[PDB]
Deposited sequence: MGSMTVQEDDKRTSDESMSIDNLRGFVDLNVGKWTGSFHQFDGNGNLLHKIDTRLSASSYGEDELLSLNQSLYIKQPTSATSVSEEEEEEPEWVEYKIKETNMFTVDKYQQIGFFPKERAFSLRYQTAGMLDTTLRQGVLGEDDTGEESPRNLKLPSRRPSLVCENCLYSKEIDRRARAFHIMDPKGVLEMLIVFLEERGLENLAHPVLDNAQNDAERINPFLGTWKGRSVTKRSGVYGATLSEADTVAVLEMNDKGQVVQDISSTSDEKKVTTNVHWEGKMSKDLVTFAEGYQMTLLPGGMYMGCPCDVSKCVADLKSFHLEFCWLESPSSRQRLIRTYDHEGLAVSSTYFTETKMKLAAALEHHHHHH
């Protein structure tokens, strides 16, 4: 079974290698763009087989073009398993990673906005409780890498989106509508999901046919239904949530929250991760990205009540007509 881990490690490496020109975006909980920073990402590989490693350099554009280099922590067979708890989907081209620290994001904000630590700049906490990356690929050769960051008490402090294309700087907020951001998400989406246990091996725990329903009335009340039917296990689960929308942030009474972003993205996480932990409950983070107004991908990162990522779930969905 060791051969499976090596084949998967190479799959992860090869999917990253290349030159990535991209744009860093820092949002708050209400989807407000705080800073957009030009970035370049150079990913290459070294070694072979079980010693295969992914080295990558992040280049950040400095304000008034000079670039400053950040050396990203090396990714190898040891790190993906022990440190990053990789959730990796080779066929679907998606992955989730844990970061121990938000330092790489702290440096990007510093260098891209500035030349002590000023106060008009929202820097990530020194010891955040959770830093999670979720990455989806488009079905052109570009990707988006979404980051959740929660403060030491488990409350969301920022959202980050790298929009990157391989082989200039990509652009989000491509709107010509000034329409409500949630609209293309409203409706009925059906498709399939596949849940992989985290870890480099990437065992498939299950697969299912999914039905996602999202609605909002004129009063601003949101209704969400997620249906998941497993054929093999003969199980069907329905989950129905109700919440309120206000300034690009849906707050469910559950209480989960999804903030809706430019570019056909939204990101979900609990209001207070610490309540889940205190309640001895599981929780999840979510990153969604639609390519067209009728086709989207979702990535869900699932944690146990101790804040350990236990599995990742990939969704590919198409919007039904009304």
{"property": "Unmodelled intervals of the deposited chain, in order", "result": "1-14, 79-90, 142-147, 172, 201-204, 360-370"}
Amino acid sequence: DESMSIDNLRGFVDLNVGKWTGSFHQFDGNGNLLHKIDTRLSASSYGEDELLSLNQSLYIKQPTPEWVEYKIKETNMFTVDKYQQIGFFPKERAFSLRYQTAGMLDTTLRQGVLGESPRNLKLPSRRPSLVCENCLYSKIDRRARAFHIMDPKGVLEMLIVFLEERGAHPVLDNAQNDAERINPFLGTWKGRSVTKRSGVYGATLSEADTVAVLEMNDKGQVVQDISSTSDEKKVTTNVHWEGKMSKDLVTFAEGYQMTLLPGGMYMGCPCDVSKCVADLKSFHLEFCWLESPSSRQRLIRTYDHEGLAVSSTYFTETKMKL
From here on, numbers count along this sequence of modelled residues.
query: 218-226 versus 238-246 - greater average Cα B-factor per the deposited record; finding: 218-226
query: 25-33 versus 52-60 - which carries the larger mean C-alpha B factor in the record; finding: 52-60
query: Candidate set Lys196, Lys153, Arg119, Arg110 [ranked by C-alpha B-factor, highest]; finding: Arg119
query: Per the PDB entry, maximal CA B factor within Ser44, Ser274, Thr39, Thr259; finding: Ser44
query: Within-chain third of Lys190 by Cα B-factor, per the entry; finding: highest
query: Chain-relative CA temperature factor third for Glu92; finding: middle
query: Among modelled residues of the same chain, the CA temperature factor third for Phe78; finding: middle
query: Ranked C-alpha temperature factor of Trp67 among modelled chain residues, by third; finding: highest
query: Chain thirds of CA B-factor: placement of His148; finding: lowest
